[PDB]
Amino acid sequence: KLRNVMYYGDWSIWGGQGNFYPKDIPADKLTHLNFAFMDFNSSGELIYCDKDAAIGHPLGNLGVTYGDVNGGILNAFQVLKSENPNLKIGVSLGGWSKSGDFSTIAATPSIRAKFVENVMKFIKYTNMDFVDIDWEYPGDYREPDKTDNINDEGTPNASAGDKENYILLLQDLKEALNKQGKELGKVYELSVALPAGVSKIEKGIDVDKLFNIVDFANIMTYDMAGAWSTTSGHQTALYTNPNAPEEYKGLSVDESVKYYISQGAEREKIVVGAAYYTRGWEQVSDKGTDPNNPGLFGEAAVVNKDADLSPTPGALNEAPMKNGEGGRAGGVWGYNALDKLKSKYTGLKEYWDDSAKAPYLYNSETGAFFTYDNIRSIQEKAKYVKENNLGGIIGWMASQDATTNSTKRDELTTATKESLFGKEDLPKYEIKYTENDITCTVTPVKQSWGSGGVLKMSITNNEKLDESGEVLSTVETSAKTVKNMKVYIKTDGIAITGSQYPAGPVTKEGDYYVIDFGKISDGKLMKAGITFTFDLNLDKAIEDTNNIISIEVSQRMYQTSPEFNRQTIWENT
């Protein structure tokens, strides 16, 4: 019933996030892992944010050379699922910077239909389990903010038809998901990211129709206070503090959930949000709004500047303020950076707002103020979820969590899992794969002299590359490459004592002789259309194949990741 959902930005892997590779995600603590994000143009074609990150980076895996088709985050997500079958993996489309083309795509049925088709192919080739639509937001006119993000599309083509068209798009997605799930024998899910505030909901979100279609919906109950306002507040508070002024009324988890429910949202489908980062203001004066919470709801002075010189009350960020690359002063520090934050903003004292169940940091002399989630407030959100029969918690984002006793970033993720689920292992799911089109031939080679015999074996990858566009052709290529092939041969009364180039080495494992092509640089990625032809040595000469029972192959993403997709490619009759 419950979910623990996590966003992983593709830019986690670069220096700005400390080079955080998916193998250090605590996948056994999550039910759902969202790849953030895939883009798409006005014609419904998928578009990578960063091709290398998605399909090529080695991600710290020994024996992956940059660009090898088994590289990239999307393949690493498959490995996380194999190593942690509690996990479902999924793709988030859109986000704040890549929602610019939803309006046009949703308005036109033929384009909606092409977009859906492209998404279905994408999750087929990546073996993903769900689609997450992050249209942020329908009905909401927004211009790109190129100071914050040179790559921001905004939502400049927003209109009042978005609300209705969004439902059509979700209907088309869920129908296609239904159909492809039955074809592949798997269960797909559809989720969406939703806004916290009434005003955006009224413009873009037909609540009761939406919750009738989706499997669950993630409410973005964070970024609810920030440097865009000159009043300090909680950005991700569980409860509305009674002393909150008009701008922050309704802008808490509890109030947003109550609003969605009142509009027909089913409780079990509602997932609430936790922020793994701060927002904050440079100089907040205590107006005494709540003497029990000094500096909360106080007045922030407009004393700093954005990287385009716009005056702002926002505090400095963890990352340097660069025009087009985090250009707005927003007091944004990762949760794993709270000690860095305290070293830069000295004199911060830690306060707990027991009415909001939210922490904040405030220096009452300088005025500096930061709002965030900690272990305690995550536990309170989980308590609330359990008690209101809600659907779980979602976090933004994985790379900002702190480490504890290993290289995994897992302090808050482990707090969230354990408060939602207890200490027990998460439920595990079956993982299915589509068998590849692999054939083979086995021919005795007559030995007239010497000791032993020989079997000449051929294995052919008959896959064929079909797809167009960068995104679908790269993920198709990866899916249609046979990776680290192991050949399992069962015999009746005959030993395979050796193999010759270009085979990999032979070993005996239980009843099987095993040829390991992952151990051969030339053997470990077998491209669509390639044949491997090679000799096997036998302890006795043969004239037929009656002594061979069966030949199977399995794959691995990396030499040291789990075997998957074991399939029979030859059998004796």
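Just count from 1 along the sequence shown to find any residue number.
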| query | finding |
| --- | --- |
| Residue stretch of maximal mean CA temperature factor, 80-88 vs 229-237 | 229-237 |
| 155-163 versus 497-505 - greater average Cα B-factor per the deposited record | 155-163 |
| Peak C-alpha temperature factor (PDB record), options 373, 425, 411, 418 | 425 |
| Most elevated Cα B-factor in the entry, residues 265, 393, 93, 123 | 265 |
| Residue 483 - Cα temperature factor, lowest/middle/highest third of chain | lowest |
| Residue 541, C-alpha B-factor rank within chain (lowest, middle or highest third) | highest |
| Modelled-residue ranking by C-alpha temperature factor, third containing residue 330 | lowest |
| Relative C-alpha B-factor of residue 187, binned into the chain's lowest, middle or highest third | middle |
| Record-listed C-alpha B factor of residue 64: chain third | middle |
